[PDB]
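Dropping structure_23.pdb in here (PDB, C-alpha atoms and all ligand atoms):
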```
ATOM      1  CA  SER A  81      15.651 -73.031  90.266  1.00  0.00           C
ATOM      2  CA  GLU A  82      13.267 -71.735  92.964  1.00  0.00           C
ATOM      3  CA  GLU A  83      13.923 -68.012  92.443  1.00  0.00           C
ATOM      4  CA  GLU A  84      13.311 -68.450  88.696  1.00  0.00           C
ATOM      5  CA  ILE A  85       9.734 -69.706  89.236  1.00  0.00           C
ATOM      6  CA  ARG A  86       9.151 -66.759  91.623  1.00  0.00           C
ATOM      7  CA  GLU A  87      10.339 -64.279  88.998  1.00  0.00           C
ATOM      8  CA  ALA A  88       8.297 -65.898  86.193  1.00  0.00           C
ATOM      9  CA  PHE A  89       4.989 -65.656  88.113  1.00  0.00           C
ATOM     10  CA  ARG A  90       5.712 -62.020  88.963  1.00  0.00           C
ATOM     11  CA  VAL A  91       6.117 -61.264  85.235  1.00  0.00           C
ATOM     12  CA  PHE A  92       2.906 -63.026  84.049  1.00  0.00           C
ATOM     13  CA  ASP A  93       0.709 -61.569  86.844  1.00  0.00           C
ATOM     14  CA  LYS A  94       0.270 -58.279  85.082  1.00  0.00           C
ATOM     15  CA  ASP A  95      -1.722 -56.488  87.779  1.00  0.00           C
ATOM     16  CA  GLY A  96       0.174 -58.034  90.657  1.00  0.00           C
ATOM     17  CA  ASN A  97      -3.049 -59.382  92.280  1.00  0.00           C
ATOM     18  CA  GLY A  98      -1.588 -62.845  93.058  1.00  0.00           C
ATOM     19  CA  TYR A  99      -3.409 -64.658  90.229  1.00  0.00           C
ATOM     20  CA  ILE A 100      -2.606 -65.133  86.575  1.00  0.00           C
ATOM     21  CA  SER A 101      -5.926 -64.836  84.728  1.00  0.00           C
ATOM     22  CA  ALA A 102      -6.788 -66.112  81.252  1.00  0.00           C
ATOM     23  CA  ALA A 103      -6.593 -62.521  79.950  1.00  0.00           C
ATOM     24  CA  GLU A 104      -3.125 -62.079  81.401  1.00  0.00           C
ATOM     25  CA  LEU A 105      -1.891 -65.458  80.072  1.00  0.00           C
ATOM     26  CA  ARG A 106      -3.423 -64.638  76.647  1.00  0.00           C
ATOM     27  CA  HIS A 107      -1.663 -61.237  76.770  1.00  0.00           C
ATOM     28  CA  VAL A 108       1.908 -62.537  77.318  1.00  0.00           C
ATOM     29  CA  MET A 109       1.452 -65.313  74.673  1.00  0.00           C
ATOM     30  CA  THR A 110       0.174 -62.787  72.118  1.00  0.00           C
ATOM     31  CA  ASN A 111       3.117 -60.417  72.804  1.00  0.00           C
ATOM     32  CA  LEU A 112       5.480 -63.339  72.228  1.00  0.00           C
ATOM     33  CA  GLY A 113       3.866 -63.880  68.818  1.00  0.00           C
ATOM     34  CA  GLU A 114       1.372 -66.699  69.442  1.00  0.00           C
ATOM     35  CA  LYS A 115      -2.005 -66.629  67.773  1.00  0.00           C
ATOM     36  CA  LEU A 116      -4.543 -68.121  70.175  1.00  0.00           C
ATOM     37  CA  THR A 117      -8.190 -68.182  71.128  1.00  0.00           C
ATOM     38  CA  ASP A 118      -9.761 -68.062  74.517  1.00  0.00           C
ATOM     39  CA  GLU A 119     -10.569 -71.782  74.122  1.00  0.00           C
ATOM     40  CA  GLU A 120      -6.855 -72.563  73.737  1.00  0.00           C
ATOM     41  CA  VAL A 121      -6.035 -70.429  76.759  1.00  0.00           C
ATOM     42  CA  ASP A 122      -8.697 -72.286  78.820  1.00  0.00           C
ATOM     43  CA  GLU A 123      -7.218 -75.656  78.066  1.00  0.00           C
ATOM     44  CA  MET A 124      -3.812 -74.413  79.268  1.00  0.00           C
ATOM     45  CA  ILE A 125      -5.364 -73.070  82.468  1.00  0.00           C
ATOM     46  CA  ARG A 126      -7.200 -76.414  83.074  1.00  0.00           C
ATOM     47  CA  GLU A 127      -3.778 -78.140  83.139  1.00  0.00           C
ATOM     48  CA  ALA A 128      -2.695 -75.928  86.063  1.00  0.00           C
ATOM     49  CA  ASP A 129      -5.971 -75.023  87.737  1.00  0.00           C
ATOM     50  CA  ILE A 130      -6.070 -77.266  90.832  1.00  0.00           C
ATOM     51  CA  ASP A 131      -8.605 -75.471  93.042  1.00  0.00           C
ATOM     52  CA  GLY A 132     -10.720 -74.886  89.950  1.00  0.00           C
ATOM     53  CA  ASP A 133     -11.150 -71.103  90.185  1.00  0.00           C
ATOM     54  CA  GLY A 134     -10.303 -70.495  86.538  1.00  0.00           C
ATOM     55  CA  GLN A 135      -6.992 -68.786  87.323  1.00  0.00           C
ATOM     56  CA  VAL A 136      -3.449 -69.710  88.288  1.00  0.00           C
ATOM     57  CA  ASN A 137      -2.134 -68.890  91.770  1.00  0.00           C
ATOM     58  CA  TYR A 138       1.462 -69.093  92.942  1.00  0.00           C
ATOM     59  CA  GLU A 139       1.218 -72.663  94.369  1.00  0.00           C
ATOM     60  CA  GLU A 140      -0.368 -73.943  91.116  1.00  0.00           C
ATOM     61  CA  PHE A 141       2.181 -72.140  89.027  1.00  0.00           C
ATOM     62  CA  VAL A 142       5.184 -73.737  90.805  1.00  0.00           C
ATOM     63  CA  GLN A 143       3.623 -77.226  90.440  1.00  0.00           C
ATOM     64  CA  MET A 144       3.191 -76.436  86.805  1.00  0.00           C
ATOM     65  CA  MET A 145       6.949 -75.814  86.688  1.00  0.00           C
TER
HETATM   66 CA    CA B   1      -3.314 -61.004  87.990  1.00  0.00          CA
HETATM   67 CA    CA B   2      -6.455 -71.933  90.522  1.00  0.00          CA
END
```

Step by step, read the file and then write its structure as structure tokens.
Amino acid sequence: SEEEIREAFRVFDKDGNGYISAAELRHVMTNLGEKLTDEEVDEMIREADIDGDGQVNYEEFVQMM
């Protein structure tokens, strides 16, 4: 759906600043029960990080999904 991707981003962007950071991504994964390192989180971000800022914006997130 389109409204589902909008809702998902809103939930992962902990501070609501418009960007999902590595810390935020690591945080949700850890709460779900994943054991991960910052290196693992970085690889995930590299798969979505188009403009190369190290974080995931809304546009990048939707592409990712
Ligand atoms: Ca954020
Ligand atoms: Ca980015």

inquiry  = For the provided coordinates, the residues matched by the PyMOL selection byres (((chain A and resi 137-141) around 10) and not hetatm) should be stated as a list in words.
reply    =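 Evaluating the PyMOL selection byres (((chain A and resi 137-141) around 10) and not hetatm) on these coordinates yields residues 85, 86, 88, 89, 90, 93, 97, 98, 99, 100, 101, 127, 128, 129, 130, 131, 133, 134, 135, 136, 142, 143, 144 and 145 of chain A.
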
request  = Find, counting all atoms listed in the file, the residue in A:120, A:87, A:82, A:92 that gets nearest to ligand CA 1 (chain B).
outcome  = A:92

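Taking atom CA of residue 107 of chain A and atom CA of residue 83 of chain A as the two end points, the separation is 23.1 Å.
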
remark   = For residue 125 of chain A, the closest of A:81, A:105, A:91, A:96 counting only C-alpha atoms is A:105

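Nearest to ligand CA 1 (chain B) of all the residues A:123, A:95, A:114, A:84 is A:95, counting all atoms listed in the file.
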
Is there a way to complete segment 97-121 of chain A with N, CA and C atoms and then write that out as a PDB file, in the frame of the given file?
```
ATOM      1  N   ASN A  97      -2.055 -58.947  91.262  1.00  0.00           N
ATOM      2  CA  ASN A  97      -3.049 -59.382  92.280  1.00  0.00           C
ATOM      3  C   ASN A  97      -2.861 -60.798  92.879  1.00  0.00           C
ATOM      4  N   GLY A  98      -1.803 -61.504  92.486  1.00  0.00           N
ATOM      5  CA  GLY A  98      -1.588 -62.845  93.058  1.00  0.00           C
ATOM      6  C   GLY A  98      -2.178 -63.989  92.247  1.00  0.00           C
ATOM      7  N   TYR A  99      -2.793 -63.658  91.126  1.00  0.00           N
ATOM      8  CA  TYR A  99      -3.409 -64.658  90.229  1.00  0.00           C
ATOM      9  C   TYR A  99      -3.136 -64.331  88.789  1.00  0.00           C
ATOM     10  N   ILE A 100      -2.763 -65.347  88.014  1.00  0.00           N
ATOM     11  CA  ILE A 100      -2.606 -65.133  86.575  1.00  0.00           C
ATOM     12  C   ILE A 100      -3.955 -65.526  85.989  1.00  0.00           C
ATOM     13  N   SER A 101      -4.609 -64.580  85.304  1.00  0.00           N
ATOM     14  CA  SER A 101      -5.926 -64.836  84.728  1.00  0.00           C
ATOM     15  C   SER A 101      -5.763 -65.255  83.274  1.00  0.00           C
ATOM     16  N   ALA A 102      -6.848 -65.727  82.658  1.00  0.00           N
ATOM     17  CA  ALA A 102      -6.788 -66.112  81.252  1.00  0.00           C
ATOM     18  C   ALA A 102      -6.384 -64.895  80.390  1.00  0.00           C
ATOM     19  N   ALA A 103      -6.943 -63.731  80.707  1.00  0.00           N
ATOM     20  CA  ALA A 103      -6.593 -62.521  79.950  1.00  0.00           C
ATOM     21  C   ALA A 103      -5.106 -62.212  80.020  1.00  0.00           C
ATOM     22  N   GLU A 104      -4.525 -62.332  81.214  1.00  0.00           N
ATOM     23  CA  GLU A 104      -3.125 -62.079  81.401  1.00  0.00           C
ATOM     24  C   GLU A 104      -2.252 -63.089  80.658  1.00  0.00           C
ATOM     25  N   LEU A 105      -2.619 -64.366  80.770  1.00  0.00           N
ATOM     26  CA  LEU A 105      -1.891 -65.458  80.072  1.00  0.00           C
ATOM     27  C   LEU A 105      -2.008 -65.202  78.544  1.00  0.00           C
ATOM     28  N   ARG A 106      -3.228 -64.925  78.074  1.00  0.00           N
ATOM     29  CA  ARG A 106      -3.423 -64.638  76.647  1.00  0.00           C
ATOM     30  C   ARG A 106      -2.513 -63.448  76.233  1.00  0.00           C
ATOM     31  N   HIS A 107      -2.479 -62.411  77.064  1.00  0.00           N
ATOM     32  CA  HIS A 107      -1.663 -61.237  76.770  1.00  0.00           C
ATOM     33  C   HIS A 107      -0.159 -61.474  76.556  1.00  0.00           C
ATOM     34  N   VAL A 108       0.484 -62.243  77.447  1.00  0.00           N
ATOM     35  CA  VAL A 108       1.908 -62.537  77.318  1.00  0.00           C
ATOM     36  C   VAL A 108       2.165 -63.400  76.053  1.00  0.00           C
ATOM     37  N   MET A 109       1.321 -64.403  75.835  1.00  0.00           N
ATOM     38  CA  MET A 109       1.452 -65.313  74.673  1.00  0.00           C
ATOM     39  C   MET A 109       1.361 -64.525  73.374  1.00  0.00           C
ATOM     40  N   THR A 110       0.357 -63.641  73.296  1.00  0.00           N
ATOM     41  CA  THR A 110       0.174 -62.787  72.118  1.00  0.00           C
ATOM     42  C   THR A 110       1.382 -61.867  71.906  1.00  0.00           C
ATOM     43  N   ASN A 111       1.931 -61.254  72.965  1.00  0.00           N
ATOM     44  CA  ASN A 111       3.117 -60.417  72.804  1.00  0.00           C
ATOM     45  C   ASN A 111       4.317 -61.216  72.328  1.00  0.00           C
ATOM     46  N   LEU A 112       4.368 -62.498  72.678  1.00  0.00           N
ATOM     47  CA  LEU A 112       5.480 -63.339  72.228  1.00  0.00           C
ATOM     48  C   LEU A 112       5.291 -63.786  70.770  1.00  0.00           C
ATOM     49  N   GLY A 113       4.113 -63.534  70.210  1.00  0.00           N
ATOM     50  CA  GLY A 113       3.866 -63.880  68.818  1.00  0.00           C
ATOM     51  C   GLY A 113       2.905 -65.007  68.537  1.00  0.00           C
ATOM     52  N   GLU A 114       2.327 -65.601  69.584  1.00  0.00           N
ATOM     53  CA  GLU A 114       1.372 -66.699  69.442  1.00  0.00           C
ATOM     54  C   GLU A 114       0.026 -66.174  68.986  1.00  0.00           C
ATOM     55  N   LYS A 115      -0.664 -66.975  68.186  1.00  0.00           N
ATOM     56  CA  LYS A 115      -2.005 -66.629  67.773  1.00  0.00           C
ATOM     57  C   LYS A 115      -2.863 -67.613  68.576  1.00  0.00           C
ATOM     58  N   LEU A 116      -3.729 -67.136  69.464  1.00  0.00           N
ATOM     59  CA  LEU A 116      -4.543 -68.121  70.175  1.00  0.00           C
ATOM     60  C   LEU A 116      -5.928 -67.600  70.457  1.00  0.00           C
ATOM     61  N   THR A 117      -6.809 -68.513  70.823  1.00  0.00           N
ATOM     62  CA  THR A 117      -8.190 -68.182  71.128  1.00  0.00           C
ATOM     63  C   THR A 117      -8.388 -68.357  72.591  1.00  0.00           C
ATOM     64  N   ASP A 118      -9.521 -67.897  73.106  1.00  0.00           N
ATOM     65  CA  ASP A 118      -9.761 -68.062  74.517  1.00  0.00           C
ATOM     66  C   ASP A 118      -9.896 -69.541  74.841  1.00  0.00           C
ATOM     67  N   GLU A 119     -10.383 -70.347  73.890  1.00  0.00           N
ATOM     68  CA  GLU A 119     -10.569 -71.782  74.122  1.00  0.00           C
ATOM     69  C   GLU A 119      -9.210 -72.477  74.354  1.00  0.00           C
ATOM     70  N   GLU A 120      -8.207 -72.018  73.610  1.00  0.00           N
ATOM     71  CA  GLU A 120      -6.855 -72.563  73.737  1.00  0.00           C
ATOM     72  C   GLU A 120      -6.313 -72.143  75.099  1.00  0.00           C
ATOM     73  N   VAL A 121      -6.494 -70.867  75.451  1.00  0.00           N
ATOM     74  CA  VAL A 121      -6.035 -70.429  76.759  1.00  0.00           C
ATOM     75  C   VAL A 121      -6.699 -71.222  77.886  1.00  0.00           C
TER      76      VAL A 121
END
```
